[PDB]
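In the block that follows, a single chain appears as structure tokens, in the form deposited in one PDB entry.
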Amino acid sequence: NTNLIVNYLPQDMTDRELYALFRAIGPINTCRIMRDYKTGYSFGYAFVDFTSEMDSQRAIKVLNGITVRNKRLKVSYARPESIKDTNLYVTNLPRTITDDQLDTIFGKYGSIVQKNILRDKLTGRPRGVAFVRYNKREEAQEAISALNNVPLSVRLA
């Protein structure tokens, strides 16, 4: 998937100007701002389509979050449950736990699309909790049956 959506475009931005913005990353198939055809009014967003998923992937890392003309951009995917049936909440973990051990534990069940160890604000040491979202609710599911009670508890959001 190469199709991104860009949000919070300054009301006066040009499909051209937007292009220049994203062309810095890689080749684009289409780049288009949603605007009124009679009016020309911009509904504030666009669909940019890179030629490659690994560029589309970089445009996000790079452009999501930049501020041009007082508006804070947001670059994300158009076609990404998958973090709602494919989003696990883990607790009773080792307060000495790190992603390696975490990963060494979850990759066992599938692609680990994102791990998140909740740490202490003040202290920074983690806690026994964290989040791990898979890709297929299926791995997630094989994980939940497997991993509940090493101690440990897994489930969804």
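The first residue of the sequence shown is number 1, and the count goes up from there.
Missing deposited residues between residue 80 and residue 81: 1 to 3, all without coordinates in the entry.
In this entry, residue 150 and residue 151 are separated by 4 to 9 residues of the deposited sequence that lack coordinates. Across the two stretches, 68 to 76 and 81 to 89, the PDB entry reports the greater mean Cα temperature factor for 81 to 89.
Remark: stretch with higher mean C-alpha B factor among 94 to 102 and 52 to 60 is 94 to 102. As recorded in the entry, 115 carries the highest CA temperature factor of 38, 115, 32, 35.
When the modelled residues of the chain are ordered by C-alpha B-factor, residue 15 sits in the middle third. When the CA B factors of the chain's modelled residues are split into thirds, the value for residue 132 lands in the highest one. In the PDB entry, a CA B factor belonging to the lowest third of its chain's modelled residues is recorded for residue 42.
We do not show the form deposited in another entry, though everything after this point is about it.
Annotation for the pair residue 75/residue 112: C-alpha atoms approach each other in that other deposited form, by 3 Å or more compared with this form.
One change in that other deposited form concerns residue 112 and residue 53, whose Cα atoms lie at least 3 Å farther apart than in this form.
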